[PDB]
Amino acid sequence: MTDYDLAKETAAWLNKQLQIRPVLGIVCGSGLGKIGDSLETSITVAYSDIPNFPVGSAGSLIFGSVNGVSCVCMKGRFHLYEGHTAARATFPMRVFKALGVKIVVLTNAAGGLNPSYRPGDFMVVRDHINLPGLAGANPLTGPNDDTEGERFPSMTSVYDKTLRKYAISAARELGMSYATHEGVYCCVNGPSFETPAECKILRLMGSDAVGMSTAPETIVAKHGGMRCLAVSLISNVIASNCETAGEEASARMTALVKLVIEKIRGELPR
Amino acid sequence: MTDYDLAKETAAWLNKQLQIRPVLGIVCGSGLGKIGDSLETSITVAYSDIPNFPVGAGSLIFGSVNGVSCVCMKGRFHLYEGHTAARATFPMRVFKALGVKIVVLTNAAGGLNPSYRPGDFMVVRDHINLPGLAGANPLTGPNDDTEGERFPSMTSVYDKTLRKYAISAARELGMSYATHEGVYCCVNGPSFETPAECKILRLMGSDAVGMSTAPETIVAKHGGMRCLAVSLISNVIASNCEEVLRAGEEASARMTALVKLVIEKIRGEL
Amino acid sequence: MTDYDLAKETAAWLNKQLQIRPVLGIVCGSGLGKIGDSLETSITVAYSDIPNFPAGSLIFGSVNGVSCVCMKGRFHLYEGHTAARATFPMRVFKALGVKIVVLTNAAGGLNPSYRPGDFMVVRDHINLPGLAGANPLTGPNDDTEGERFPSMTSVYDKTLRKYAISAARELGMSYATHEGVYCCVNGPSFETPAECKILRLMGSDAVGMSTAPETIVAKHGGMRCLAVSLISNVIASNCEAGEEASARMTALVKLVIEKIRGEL
């Protein structure tokens, strides 16, 4: 029984409790849980009761609609730094696929490296640099089911160009155009923050922000045929020398995702 | 019982079926299996029947080429399938235990160098093994001080002489314009890199990128064997960093010819 | 039972045999064991008899009036231990009440002006394994033992560094003593020339296979760190004895511990 087989199982079990299968998925990053209250006529399933879900250390999965679209929302995610393997922490993404999800919207809190970023800003992700996945902790490592996806999937366009446009225009429409950027997300293992010398390397690599998640999730989602959009809340910013609110962030992010979902109801079921 | 001890056992078991111990080894990369048909008076042993060999279709071929007794791997093992670096490089330890002195490796890789074209050959002069720098080194673990150094030098992994033979053999076969000499960058896989990651790989000086070979030559070199590796540039990445059979079969024939001529030049030094 | 819990246990077991809890810790790198002979009225505990620990020995004793615990031998990721496992002794040091840790190692110099025999006081590090799947803090975190997301902005105490530099001057080694960036790799194979180039591009002055994960953990555990590398060899521009080193290093550490005792 492979991961995808287990994912199907998990899906089938969740399906028992659903009237409409989710077509849009959402993953809530650090402190961005409130986004979930946005789901209407929602059923909630604690991660602890979900079969095969990685042991937590109280996350929950929410099913409901937003602007007429059936969604599944993850309130809390899993990270490599907690001890999970890349495959393990990205198990929910395989489950999203097995549930029929076609678009996934992810959010996270990250450290800004780009000189023009300010704490509170939003960085729409246009590409990523996944360090762990280049060296021994790639979430697709292992046997591949040739009917679920490619053995060697392309990561040339992990972040859907169209979903990005919707995100940037939704930001403008909401009046946050000056605090909303588009850049490169660099994912590291964590949980210790980087030394100034490491931070310099990260800037040398062209990173606009750095965090400890998301990239492995979108590698798996993209491989699973799903479209991805990710937005980072720049929670803090690193000075030029390379060294180093929540409620407002939450509200703004929630509005942005909702508006994005609205524009998305043109490109998917119901 | 250490890996080297298991390698010796595996070798002793293969030896039972051999008249002449192989002195030269060959590892066939993706789509380069045909190279094996080049062995004369050959005995074939499926990987599945070989003791201690990882499972993955693959076979080990013993036979001669241009008067040289060789052992040829038709298929190899990669980190992305789920094997540890040590596990995927177990066949190299076996090669050593068999008495192999020279190993010729081939692989299919993506060209990053602006002047490479699909179909070209890149003789490997050096490598960049990302997984081995960060937590997935094939020598990680206890070291048999009688099998090799604890801290083996990797200053000359790719034998300068074997390279000359390869370059010259290419010229001699009329492929000098399609044959290069460059740096091979090894990554975990199985997902291809993002454009932002590809940029980093270029910034590191990579001429081509693939998901194998490097950990195998690290182990081979450590085991006192001499290495030669040739990459078939199956595809090329554009400057922005982003049927099929027609190409594969010609590549196979060219590569087979190159390897044979190289083995002939080698027969002058054993 | 978490690592921190096991560390406390191991500590409690060591403390049974101690009159004074160590306040300063020392980790001896490759060939730098002699530093341990510097401890007076010393109790010695082989690593093999220590509970939970992975011919290494732990030495308890005083130096210049300071009670210390000294590790004669360390653990490395290349031996097969996980980053957490190899950094277990650091958690033990914390549980023993250690406040300052002095680390030493042998390393390869990349900086053009370094020479074999020189000393490189560490001002910062580049921990490759820890950025990609082998971080020593990976796993659950005891919020009472340290931060979940600890800052690594100042791993190497600026003050301890000053003590080190001046102790070097005072000992007449100012010309062979530098201050630079230590790059930690997994090992055990040395890097290819092409990899060495990357390492220089990253701003590394020296490269070794230890220390960084240990200071990540010590720092997280609220301890102050000082690390000094013995530049055992140097890499040429193209990117390709021990007893004197031992004596010099031993003197430098002792003088630094003396300056530490007079602090506050």
Side-chain angles (χ1 to χ4, degrees), chain A residues 85 136 141-143, chain B residues 1-18 21-23 25 27 43 45-56 58-60 62 71-73 75-79 81-101 103 129 131-132 135-146 148-152 154 212 214-225 227, chain C residues 46-49 52-56 73 75-86 88 134 186-189 209:
Chain A
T85 58
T141 285
Chain B
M1 199 131 278
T2 62
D3 297 319
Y4 198 43
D5 281 312
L6 297 171
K8 287 176 190 166
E9 156 185 61
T10 287
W13 180 95
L14 287 156
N15 267 158
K16 274 169 57 198
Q17 306 147 57
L18 306 182
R21 301 194 95 199
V23 56
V27 187
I43 297 306
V45 191
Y47 286 168
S48 59
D49 299 321
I50 304 180
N52 293 314
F53 247 52
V55 178
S59 45
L60 205 51
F62 299 81
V71 53
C72 172
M73 275 182 81
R76 55 142 63 75
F77 298 100
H78 316 75
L79 264 65
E81 300 168 70
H83 309 299
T84 55
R87 197 91 193 96
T89 59
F90 179 68
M92 281 304 99
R93 291 186 176 77
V94 171
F95 268 25
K96 180 208 204 317
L98 283 175
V100 177
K101 285 169 179 185
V103 174
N129 189 43
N137 190 287
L139 300 176
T140 292
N143 179 73
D144 204 314
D145 295 304
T146 302
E149 298 282 295
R150 217 295 75 124
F151 304 115
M154 291 304 125
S212 70
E216 290 145 88
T217 63
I218 289 175
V219 172
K221 196 64 202 301
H222 167 275
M225 291 172 299
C227 308
Chain C
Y47 289 150
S48 64
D49 306 327
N52 298 326
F53 254 60
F75 302 100
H76 309 65
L77 270 62
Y78 69 70
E79 314 182 66
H81 311 306
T82 51
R85 193 80 193 113
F88 179 59
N186 198 85
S189 62
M209 316 172 165

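Proteins get letters first, then strands, A, B, ... in listed order; numbering begins at 1 in each. What you see below is based on every heavy atom in this structure, not just the backbone, and it leaves out hydrogens, waters and symmetry mates.
Taking all atoms of both residues into account, the shortest heavy-atom contact from B:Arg21 to B:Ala97 is NH2-O, 3.0 Å. In terms of heavy atoms, B:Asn129 sits closest to B:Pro215 at OD1-CD, 3.9 Å. Nearest approach of C:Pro188 to B:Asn137, heavy atoms of both residues: CD-OD1, 3.5 Å. Considering every non-hydrogen atom in both C:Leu77 and C:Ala83, the closest pair reads CD1-CA, 3.8 Å. Nearest approach of B:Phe95 to B:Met73, heavy atoms of both residues: CZ-CG, 3.7 Å. In terms of heavy-atom proximity, B:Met154 sits nearest to C:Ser189 at CG-CB, 3.9 Å.
Between the side chain of C:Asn186 and the backbone N or O of B:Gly132 there is no donor-acceptor pair closer than 3.5 Å. Of the possible donor and acceptor atoms, none in the side chain of B:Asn52 sits under 3.5 Å from a partner among the backbone N and O of B:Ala7. The main-chain N or O of B:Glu216 is never found under 3.5 Å from a side-chain atom of B:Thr89 such that the two would form a donor-acceptor pair. B:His78 contributes no side-chain N or O that, together with a main-chain N or O of B:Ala88, makes up a donor-acceptor pair within less than 3.5 Å. Side-chain atoms of C:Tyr47 come within 3.5 Å of backbone atoms of C:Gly73 as a donor-acceptor pair (strictly under, hydrogens ignored).
Using a 4.5 Å heavy-atom threshold, the side chains of B:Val45 and B:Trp13 count as touching.
Summarising the geometry, atom OG belonging to B:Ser59 is positioned 12.5 Å from atom CD1 belonging to B:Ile43; distances are rounded to the nearest 0.5 Å. Distance check, rounded to the nearest 0.5 Å: CZ of B:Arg87 to CG of B:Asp3 gives 7.5 Å. Atoms CG and CZ, on B:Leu139 and B:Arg93 in that order, are 6.0 Å from each other to the nearest 0.5 Å. The distance from atom CE of B:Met92 to atom CE of B:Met225, rounded to the nearest 0.5 Å, is 6.0 Å. Once rounded to the nearest 0.5 Å, the distance linking CG of B:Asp144 with CD of B:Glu149 reads 12.0 Å. Taken to the nearest 0.5 Å, the OG1 atom of B:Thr10 stands 11.0 Å off from the CG atom of B:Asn15.
Using cut-offs of 30° and 60° on the angle between ring planes, the pair C:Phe88 and C:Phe53 is perpendicular.
Taking the ring centroids of C:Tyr78 and B:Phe151, they lie under the 6.0 Å cut-off.
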Next item on the list: Quick one: do B:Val71 and B:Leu14 satisfy side-chain contact (heavy atoms from CB on, under 4.5 Å)? Show the steps, please.
Entry: CA-CA 11 Å; B:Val71 53; B:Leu14 287 156; over 6 Å; no

Next item on the list: Mind running side-chain contact (heavy atoms from CB on, under 4.5 Å) on B:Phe62 and B:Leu98 for me, showing each step along the way?
Entry: CA-CA 11 Å; B:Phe62 299 81; B:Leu98 283 175; 4.1 Å; yes

